[PDB]
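The primary structure of each chain is shown beneath.
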Amino acid sequence: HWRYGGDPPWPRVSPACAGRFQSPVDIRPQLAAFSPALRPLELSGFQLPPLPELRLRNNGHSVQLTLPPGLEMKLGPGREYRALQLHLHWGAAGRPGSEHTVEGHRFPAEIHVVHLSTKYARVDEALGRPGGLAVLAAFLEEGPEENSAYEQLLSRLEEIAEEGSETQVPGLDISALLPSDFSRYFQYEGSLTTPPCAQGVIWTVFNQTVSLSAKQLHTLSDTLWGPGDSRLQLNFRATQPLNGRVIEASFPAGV
Ligand SMILES: [Zn+2]
């Protein structure tokens, strides 16, 4: 009815998942259109105080952190957004699980911060409308040191190991979960990557990654359980054909 790696393949139950402009996609940087209109991203309100706490929950498909009101993200003139939630996609032991790929390369994991256009008061109004939702996406890679910002979330996974369980976590700097380079990114129009696969979503994928320790990546991929009694692993959708869409780059590809 809705699960990674099997049946139903999604269009049988959610026809919009067979649309022509779906996400995620494979990014080929030498083929992206360099677009100097794409200026550095602007975030405000992402540095949260310790109280009030946020909600962290295992929904069977990911771990999702609900963000409080007041987080603003600007992609450019006329493209202002309010953050709603973030969640992650990952693989398993020795197997990467990012959703986007770069030249076919899959990264260990990926963070998605989902936002609602300021044109709309409610998510339901914005579904399927061009630009109504925007997602910021960054790849997570292995580095040598523990990532202190991620540890605030990863240390709480054990208590929400069971599908459907929830907890509360202190406010933290949400921007410290994202790359520091706000100037280099790719952007394209796609869809939600889970059913109902609604189109019109503006995807922004940072070029720079974030680094977590090997232990932290194991904690992320190995702690949670999903539907039935499977481990919550490999929770990524396969990449989708561009079907003529152009991916834009905010920076000149190096090579
Ligand atoms: Zn996602």
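Residues numbered from 1 in each chain as written, not as in the entry; some residues may be left out. Heavy atoms only, no water.

Looking at the method and resolution fields of the entry, one finds X-ray crystallography and 1.3930 Å.

A.B. asks: Explain the packing of aromatic side chains to me, please; I cannot follow it from the model alone.
C.D. replies: In this description, an aromatic ring pair is defined by two values, namely the gap between the centres and the angle between the planes. Counted under the stated rule, the structure contains six aromatic pairs. Taken together, a centroid distance of 4.9 Å and an interplanar angle of 75° make the contact between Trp 2 and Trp 10 edge-to-face. Assessed through its relative accessible area of 16%, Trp 2 is described here as buried. By relative accessible area, which is 7% here, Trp 10 ends up buried. Centroid distance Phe 107 to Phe 139: 4.0 Å. Interplanar angle 10°. Geometry classified as stacked. You can see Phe 107 sitting in the loop between β9 (105-106) and β10 (109-117) and its partner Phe 139 sitting in strand β11 (residues 133-142), a full 32 residues away along the chain. You can call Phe 139 buried: its relative accessible area is 2%. By way of ring pairs, the aromatic residues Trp 2, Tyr 4 and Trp 10 are connected into one cluster. (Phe/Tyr/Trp six-rings, centres within 6.5 Å; stacked < 30°, edge-to-face > 60°. Buried < 20%, exposed > 50% of the residue type's maximum accessible area, 1.4 Å probe, protein only. Helix = DSSP H or I, 4+ residues; strand = E, 2+ residues; numbered from the N terminus.)

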